[PDB]
Amino acid sequence: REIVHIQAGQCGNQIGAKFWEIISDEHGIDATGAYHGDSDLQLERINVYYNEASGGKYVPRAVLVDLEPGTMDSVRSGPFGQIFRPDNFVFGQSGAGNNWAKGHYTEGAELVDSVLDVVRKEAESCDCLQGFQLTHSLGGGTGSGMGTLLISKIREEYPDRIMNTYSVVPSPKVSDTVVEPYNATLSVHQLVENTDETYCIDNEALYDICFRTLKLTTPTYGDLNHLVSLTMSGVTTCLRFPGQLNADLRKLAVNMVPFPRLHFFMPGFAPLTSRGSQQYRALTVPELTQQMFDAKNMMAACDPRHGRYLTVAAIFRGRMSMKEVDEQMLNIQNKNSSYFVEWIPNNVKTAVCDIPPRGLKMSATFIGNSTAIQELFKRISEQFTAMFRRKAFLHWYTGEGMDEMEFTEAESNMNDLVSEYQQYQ
Amino acid sequence: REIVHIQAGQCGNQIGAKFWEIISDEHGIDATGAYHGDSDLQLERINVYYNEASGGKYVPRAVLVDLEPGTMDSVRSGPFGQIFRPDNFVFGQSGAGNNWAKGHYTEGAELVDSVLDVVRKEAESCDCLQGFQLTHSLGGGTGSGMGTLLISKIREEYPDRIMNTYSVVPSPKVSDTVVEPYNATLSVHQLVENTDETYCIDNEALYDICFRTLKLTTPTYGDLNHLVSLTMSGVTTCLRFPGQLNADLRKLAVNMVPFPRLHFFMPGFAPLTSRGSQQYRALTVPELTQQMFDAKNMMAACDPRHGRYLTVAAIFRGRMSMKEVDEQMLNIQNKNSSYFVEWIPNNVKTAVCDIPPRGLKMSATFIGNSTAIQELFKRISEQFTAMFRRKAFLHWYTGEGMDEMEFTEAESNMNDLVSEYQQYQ
Amino acid sequence: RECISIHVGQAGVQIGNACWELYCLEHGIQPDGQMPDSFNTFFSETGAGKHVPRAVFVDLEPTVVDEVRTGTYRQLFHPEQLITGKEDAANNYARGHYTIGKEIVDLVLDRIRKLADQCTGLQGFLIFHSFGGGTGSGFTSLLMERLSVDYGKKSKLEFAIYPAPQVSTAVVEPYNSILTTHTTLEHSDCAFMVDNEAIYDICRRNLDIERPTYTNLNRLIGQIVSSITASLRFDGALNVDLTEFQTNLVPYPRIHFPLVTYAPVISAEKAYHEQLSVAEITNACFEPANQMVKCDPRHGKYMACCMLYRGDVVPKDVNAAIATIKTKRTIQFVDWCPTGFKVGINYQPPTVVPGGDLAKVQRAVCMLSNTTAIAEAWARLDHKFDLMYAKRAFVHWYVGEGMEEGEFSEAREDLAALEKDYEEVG
Amino acid sequence: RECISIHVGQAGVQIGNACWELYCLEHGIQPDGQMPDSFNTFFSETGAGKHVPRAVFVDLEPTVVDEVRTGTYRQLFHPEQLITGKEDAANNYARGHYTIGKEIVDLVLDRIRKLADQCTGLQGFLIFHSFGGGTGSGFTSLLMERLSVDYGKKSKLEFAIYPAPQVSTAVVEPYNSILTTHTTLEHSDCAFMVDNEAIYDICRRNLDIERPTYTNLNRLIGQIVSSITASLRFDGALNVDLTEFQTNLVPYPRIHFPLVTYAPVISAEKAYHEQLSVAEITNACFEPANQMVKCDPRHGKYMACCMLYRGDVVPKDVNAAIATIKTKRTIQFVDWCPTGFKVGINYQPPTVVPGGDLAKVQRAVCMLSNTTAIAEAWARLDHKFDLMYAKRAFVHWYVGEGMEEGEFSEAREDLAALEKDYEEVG
Ligand SMILES: Nc1nc2c(ncn2[C@@H]2O[C@H](COP(=O)(O)OP(=O)(O)OP(=O)(O)O)[C@@H](O)[C@H]2O)c(=O)[nH]1
Ligand SMILES: Nc1nc2c(ncn2[C@@H]2O[C@H](COP(=O)(O)OP(=O)(O)OP(=O)(O)O)[C@@H](O)[C@H]2O)c(=O)[nH]1
Ligand SMILES: Nc1nc2c(ncn2[C@@H]2O[C@H](COP(=O)(O)OP(=O)(O)O)[C@@H](O)[C@H]2O)c(=O)[nH]1
Ligand SMILES: Nc1nc2c(ncn2[C@@H]2O[C@H](COP(=O)(O)OP(=O)(O)O)[C@@H](O)[C@H]2O)c(=O)[nH]1
Ligand SMILES: [Mg+2]
Ligand SMILES: [Mg+2]
């Protein structure tokens, strides 16, 4: 069971670099591809992400895609840069200039062939693959448009494998670019149907968590990428290590998604404690449980108390006991009987693993499928309406072959999605 | 809690010049902005009047005003001259003749903007500030004319926060400028409502206090200012250092001003001893207190034994025994019951700080507002009474054109102020 | 059996400091939380070799809070347990009730629901403040009303400071000390009242000391709280629970102002000459000169009381020793009460801290008894404010914040009703 | 990725001289072309220790270029890059465009083509000129026409000097500054307009220099250009490419006239007392007292803006400061632009040149705003031209050179149409 990794754009490349750093740290791999580990289980499922070479070296199943060379040079010269195979670095020379239209039609169409050939090679190498992890943002033009084309082609070639997207959706309070809503809406239009499940993440809530709960005075992008990397490592632990009760990607996919279109998730991690306030904190499951379920800690810029939790999944790591897990789950379900759906009893999925994160005793990851996602989208749509009515910035995209009718479809599809989430709330 | 400073007129600057020499020695800050102190308690509340800048330095939150260029040359060249930022200087180029006509009408509109921008600059720098300090002399026009309009605008924009004025009124015995009745008359109509607390200084007192209590043979403006600046420094120690009981500017007026109108304050400082007689005193709290409430040293030309004290405040410095003060206070409370207004028991306000003045074991200040306020003005009221009626020197002030109704409007307010002061005596 | 303590205002910080240092010495726990049974009652255990208080510091004033950050006993308190404000009330009741009350009340109330979550057999909360200033009056007054709403039938206690009639340092004190009285009658099962002057004579005469300072007033208040809770933390021949204590003390629902005083208080040398006998202390306890309450019990008729021994006491002298005063007519029993005492003995000898002003004594007694003499302590104050309000001086300050002019009357009517209530009971 | 800069006229040559000394200072290259990477964007390396720029110098008069030829920087340029004529335009638009233009217009174009053969990633051209003289108006307009036809979709930027309304030194300026609007309007991808008197005020007040001559003003403009291209020439936390910025700023094809400003500019002595932080410098970028063209944004509404920070900047305080600015009602934005900021952060601090009028800093900000205020900068000038066209003054000089009398009619009509567009969108 193998998973190949795809990264797109500057944001995706930075997130992926942090991920590969932490996971090589986890598995005992050094910075030069060597191995110096102790625990035997590290070798039991080392191949879920790595591929073997001559001389006893490992190289990851990674592809880096970008439309400019500066970020690729930065990742190559940075730490853990020699791990990757040089053939996997795929980058162009022109750039997109934050145009979705340029990213989809004019510039990415010429470069898509090389990356499809490389991912075809990686899928040839694998034994029996299951999933693709894609990392990007919905604000810029290169990542969003190029990755959308890439997902469309990949899905067309592979109709039975499972697909993952770990997106970043823009927020008005951390707004940075004058043409963000066009990018966001035009991407989501077909991200609705081309993927299997999508995790939503915001820079606004990440700043909130970093400043307040972490007590950080200087949150730089390294720390935000660090948080997202811990989530991404925590999702798929059941594959690389054993457990009393197991849950891989397909189990979560069948358990959390009641209808095909309702696959937009909000993650959370616990604990998150500062270096000085950890000495004064207990070590027990219940605190982890409320901290996950706390509305103050979620990594999406939306309040869950405005709706009801559709379904949830909890992933525990550490040596713990199952009775405690189920008692806490029923405690939360009974106390928060207002905030849980009624026509689906016992809305919690559970999993327990054995190997804890290095240097820590227990950890917990929460994935929630809720009804609040509509408010994360309507806030965007308004910003779109203030643009398309007076055709601001539209000629830049129209010069590339598009039309206003595609914007009409984009608005209509966003309306359909928000109506669908309002219907079942 | 933070506060910015304004100085106005000439005489304000020299009163300002010592306030910034003394406040540096309290905080250990050198003439170069460096810190050489030992107590970590100095830095606990250093941000109150100083702004943190890179280079390990501190700079004053001082704004300096003028209308003639002779005065700044003196304050620039003196000790602690470079402390002020060259931006902070505001001054004119023409001259007035200390006329309230030119102090408000002709020239006050032009230079209010520059200071109003500078004061607006200092508004955002702090987190959550509370007050300003204004110093000038009420004897002239520029001292008064700038003071009056600056006061009213600030209150109109900024009505929720406390405002301070540390004024100098002229007296019949020590009169210097020919039209001194005019300057008191037009300004006071504004301070009747437009400032929340006003501290009075009579310039007669600076002579009685220095020759007798201080036994000073040659009163220099170093010596006359040494007293006024020591009163300013004592009011705001509770802001900067801790103590068994704390008292800030909010805490006084809500507990020290009886009606909205009774806000003309009076200081008195202790100890005041000569350098030849300091070897012949003890170290106790009642020695100051009996000397404090005494009618000989209070810093205006009025004897409170002509009336009854309404509310008072006495601020003490050094490690004391609070039980000494309270058991001491009731002693004066019972003995001199003639000055205790019967329908208000317990007329005393107390403040103790732990960090004492350097080189002294203890020192103290007294601020008391009483029924003695009336005799302060009726002599002053009689002064102008003989002047307007015979119409001399009226035309030079009439060169700008305010009308004679406001004289009575002030005069009636003074009568109403005096009527309020006599009836509630 | 566990309890949660809340120290609010500046007055609550000293006593918050003195109490928690005192509890550290009793349990021998060094400030880092290490111990070199029943020790769980105030502390929460964290894994191994780490104990922390079940305490919260609350304030609008940053100068008096950040000191506990820097002193020796910073390490005890959690960082999240410790709350600061940005403006103090300027000695005003309703600012803590109206303007700045709701800006932090829900902030700390979230903590109380965290701290309420750890408990299993929760017993009650201790609230420390004063009736003098605005922070300790109004903003403390705000907390209980929400606290009473959420839980109800669990017991809730307060430790207050009254303003003295003769010797006081703030101008407007009854204004603050009138408005609280509406809440205290209607929102506390038991209200412990302590005043300033009673500390002064107790220290001057009994302690044989020169200048009792703010340490010394706190060490009395610290030693009082230690005495009430030692029945929870330990055992003896006779055990006293608050559920038994509330029923046996308060005879009608409106009678909840106990009178307290501590014995023996004495300097180090003077323990050399006296034999502290059990029959000796019990007679010395009820006498008016040690009273923390500025009242004369000779002007009140008693009904019921709580006496607390501690150390090595045998009950065989107790039957005679109270009967020793039972045969005294100067202190009186009501007609419908054959017996009016609650007994308390603790097998754990009292612990004296370094720096204290007591001599290590095997036996100590704190009194908790309610009398009808406490009526005069408000009656003088009730006259104090009535003179103050006629002229409507300073009132514009408080009008500017909104409250209606009839607020004074209801508690005063209840105060008079309470005063009339004491007459019908007395 | 490379760029080619074309300097025309006396003003263009002077500004280019300042800019190229600045670049050589930045990249550690001595005047003789040898360096004791990233320089390929402006420089070409030939064999061993020799760099030559991608620049061309143009004039119709020999003096201003022979001063370069004899000057200290003689060894750095090719001889073939310096092109001179024999009779200057005599401050005639007609002589520049028609009689004396075609005598040289071919040669430089050929040279331009040669330069384009060296590059592999042509980004765009930078043009320095002014609307005052006859050379840099007419011949530069002809050059842009030829370049636009020959290259098409390549981006072209200009850096113009608009004639001041009051402080002007020529008699016939309005004719030139009005007839240049056609070829700038229909053939330019980005247009920067700058006034001399506004820079004079900026020098007088902020820098406190008694006597500004042309060197200082040219140095300021060079600083602005260097800060704009530092995104290409270096690498940092965020990146803004040229076409990225055109996409984010220009809302409509006919509206490409941003207004520029720079911060901080501080005198040497006054720099010590101020400690320059991000919030105050992003405040300074919005001061009408530092806007580089004598216009009031207060009479207009912002449409979009771009900020380019360099030095030690992190995105948290950038977001905080932008949110702070968005809350002011004095700074107004159009309604259909909910977010109107493009932001870029670089890592390399700006470098101070010896003998300059600016002090060393750790951070810098360049602001480029698209507003509707700048419309007034034409409306006043449109009076000056028309008033002089009532009597047909000076017209015979232009008519004799092949120009016809209706040309000014279309000039006035085009300016009327462009002012109408700025009115209608605004
Ligand atoms: N036992 C004790 N009494 C104190 C202490 N500090 C002040 N007091 C007395 O308590 C009275 C006021 O108590 P508080 O309610 O705390 O007033 P505060 O300290 O100013 O707090 P705020 O009213 O919020 O400003 C004063 O008159 C003092 O005599 C202390 O630290 N310990
Ligand atoms: N910044 C700057 N501006 C200048 C300088 N010299 C002249 N100017 C401006 O240029 C205008 C003069 O017209 P120019 O375009 O320079 O005329 P020219 O460059 O001599 O070209 P010809 O008309 O052909 O002679 C004036 O309005 C000045 O404001 C300079 O050295 N620096
Ligand atoms: N977490 C994280 N987000 C980033 C980082 N860099 C940029 N972003 C976000 O990504 C969005 C822009 O995406 P962009 O870089 O333009 O995508 P690209 O055009 O493919 O390079 C912005 O809204 C940023 O908030 C990063 O290093 N970490
Ligand atoms: N207390 C005090 N008063 C001063 C000092 N210097 C001047 N004065 C008073 O200021 C008055 C004149 O001030 P004035 O010249 O009008 O200042 P201006 O308003 O700025 O022009 C005189 O009557 C002095 O009594 C000083 O150093 N200390
Ligand atoms: Mg207080
Ligand atoms: Mg020329």
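> Honestly, the overall build of chain C in this entry has me stumped. Any pointers?
When helices and strands are counted, chain C shows 15 helices and ten strands. For 426 residues, the compact-globule estimate of 2.2 N^0.38 gives 22 Å, and chain C sits close to it at 21 Å. With the C-alpha coordinates aligned to their principal axes, the bounding extent of chain C is approximately 65 × 55 × 45 Å. Looking at the 426 residues of chain C, the share that counts as buried comes to 55%. Counting every atom, chain C has about 18,900 Å² of accessible surface; 53% of that belongs to carbon and sulfur.

> Before we go on, may I ask you to explain the site of ligand 3 in this structure?
Residue and element names in this part refer to chain A. Neighbouring residues of ligand 3: 13 residues in total, closest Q14, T142, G143, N203 and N225. The separation between an oxygen atom of ligand 3 and a polar main-chain atom of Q10 is 3.5 Å. At 3.2 Å from an oxygen atom of ligand 3 is found a side-chain nitrogen or oxygen belonging to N203. Protein contacts shield 85% of the accessible area of ligand 3, which totals 580 Å² for the unbound molecule. Elements represented by at least two residues in the shell around ligand 3 include exactly α1 (9-27), α6 (141-157) and α9 (221-235). A per-class count over the shell around ligand 3 returns one nonpolar, eleven polar and one charged.

> Quick question: what am I supposed to make of the site of ligand 4 here?
Residue and element names in this part refer to chain B. The local shell around ligand 4 consists of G9, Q10, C11, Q14, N98, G143, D176, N203, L206, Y221 and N225. One of the backbone nitrogen or oxygen atoms of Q10 is found 2.4 Å away from an oxygen atom of ligand 4. Within the side chain of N203, one N or O atom sits 2.9 Å away from an oxygen atom of ligand 4. Sorting the residues of the shell around ligand 4 by element identifies α1 (9-27) and α9 (221-235) as the ones contributing at least two each. In terms of residue count, α1 provides more of the shell around ligand 4 than any other element does, four residues in total.

> Would you explain the UniProt feature "active site" in chain C in this entry?
Residue and element names in this part refer to chain C. Taking the UniProt record as the reference, the feature "active site" is found at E244. You can see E244 is positioned in helix α10 (residues 242-249). Judged by relative accessible area, which is 40%, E244 ranks as partly exposed.

> Even after reading the chapter, I still don't get the sheet that holds strand β5 (residues 131-135) of chain B, so can you show me in this structure?
Residues and elements named next belong to chain B. Taken in spatial order, the six strands make up an open sheet running β4-β1-β5-β6-β7-β8, and their pairing is parallel. The sheet is open, and its two borders are formed by β4 (62-64) and β8 (264-265), each paired with just one other strand. The sheet contact formed by β5 and strand β6 (residues 162-166) spans five bridges and is parallel. Pairing of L134 across the sheet is with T165, part of β6. Where α1 meets the sheet, its contacts fall on β1 (3-7), β4 and β5, and the angle it forms with β1 comes to roughly 140°.

> Whenever I open this one, the nonpolar core confuses me. Can you help?
The nonpolar side chains of soluble globular proteins are, as a tendency, buried together. Within the largest apolar cluster, 107 residues are counted, with the highest numbers of intra-cluster contacts made by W20 and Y49 of chain B. Those residues in contact with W20 of chain B that lie beyond four places of it in its chain are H5, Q7, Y49, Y50, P60, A62, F80 and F84 of chain B. Counting 54 residues, the second-largest nonpolar core is a separate cluster that includes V179 and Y182 of chain A together with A377 and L418 of chain D.

> Explain the arrangement of the chains to me, please; I cannot follow it from the model alone.
Counting contacts across all four pairs of chains that touch, the top pair turns out to be chains B and C. With no contact formed, the shortest span from any C-alpha in chain A to any C-alpha in chain B equals 16 Å. Without any contact between them, chain C and chain D keep their closest C-alpha atoms 22 Å apart.

> What am I meant to see in the UniProt feature "binding site: GTP" in chain A here?
All names here are of chain A. Following the UniProt record, one finds the feature "binding site: GTP" at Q10, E68, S137, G141, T142, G143, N203 and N225. These annotated residues cover 216 residues of sequence, and their C-alpha atoms sit far apart, with the largest distance between any two at 23.4 Å. If you trace the backbone, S137 turns up in the loop between β6 (129-135) and α6. Relative accessible area serves as the criterion here: at 16%, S137 is assigned to the buried category. The contacts of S137, once residues within four sequence positions are left out, are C11, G143, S144 and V168.

> I tried to follow the pattern of salt bridges on my own but got confused; where do I start?
Between side chains of opposite charge, a pair can form when the charged atoms approach closely. Tallied over the entire structure, the rule returns 34 salt bridges over all chains. Notably, a salt bridge pairs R212 of chain A with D208 of chain A, separated by 2.5 Å at the nearest N-O pair. Of this pair, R212 of chain A and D208 of chain A both sit in helix α8 (residues 203-213), four residues apart, which is roughly one turn of that helix. The shortest N-O distance in the salt bridge between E21 of chain B and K18 of chain B comes to 3.9 Å. A residue pair is termed a helical-turn pair when its members lie 3 or 4 positions apart in one helix, as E21 of chain B and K18 of chain B do in helix α1 at three residues. For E21 of chain B, a relative accessible area of 21% corresponds to the partly exposed category. Where salt bridges share partners, they join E186, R254 and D421 of chain D into one cluster.

> What am I meant to see in the packing of helix α14 (residues 376-389) of chain D against helix α16 (residues 407-425) of chain D here?
The relative placement of two packed helices comes down to the angle between their axes together with the axis-to-axis distance. Residue and element names in this part refer to chain D. Interaxial distance between α14 and α16 falls to 11 Å at its minimum, and their mutual angle equals 160°. One element, α14, and the other, α16, form an angle in the roughly antiparallel class. For α14 against α16, the interelement crossing comes out left-handed. Contacts between α14 and α16 involve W378, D382, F385, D386 and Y389 on the former and, on the latter, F408, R412, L415, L418, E419 and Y422.

> Whenever I open this one, the interface of chain B and chain D confuses me. Can you help?
By a frequent convention, interface size equals the accessible area lost on bringing the separate parts together. Listed by partner, the interface residues are six residues for chain B and four residues for chain D. For the pair chain B and chain D, the two sides together bury roughly 550 Å², of which 55% comes from carbon and sulfur. At the boundary of chain B and chain D, one finds one salt bridge. On the surface where chain B and chain D come into contact, there are zero residue pairs in polar contact.

Parameters and conventions
Residues numbered from 1 in each chain as written, not as in the entry; some residues may be left out. Chains lettered and ligands numbered in written order. Part of a larger assembly, values for the part shown. Heavy atoms only, no water. Helix = DSSP H or I, 4+ residues; strand = E, 2+ residues; numbered from the N terminus. Rg over C-alpha atoms; globule rule 2.2 N^0.38 Å. Buried < 20%, exposed > 50% of the residue type's maximum accessible area, 1.4 Å probe, protein only. Areas by Shrake-Rupley, 256 points an atom, 1.4 Å probe, with all protein chains shown as cover. Near = heavy atom within 4 Å. Polar contact = N/O pair within 3.5 Å; in protein donor to acceptor, adjacent residues only side chain to side chain. Nonpolar A, V, L, I, M, F, W, Y, C, P; charged D, E, K, R; others polar. UniProt positions renumbered as here; feature names shortened; annotations may be inferred. Pairing = 2+ DSSP bridges. Contact = heavy atoms within 4.5 Å. Axes fitted to C-alpha atoms, helices over the stretch in contact; angles between N-to-C directions. Core = buried A, V, L, I, M, F, W, Y, C linked by side-chain atoms within 4.5 Å. Salt bridge = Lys/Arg side-chain N within 4 Å of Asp/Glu carboxyl O. Parallel < 35°, antiparallel > 145°, perpendicular 65-115°, else oblique. Left-handed = near helix turned anticlockwise from the far one by under 90°. Buried area = accessible area lost by both parts, 1.4 Å probe.

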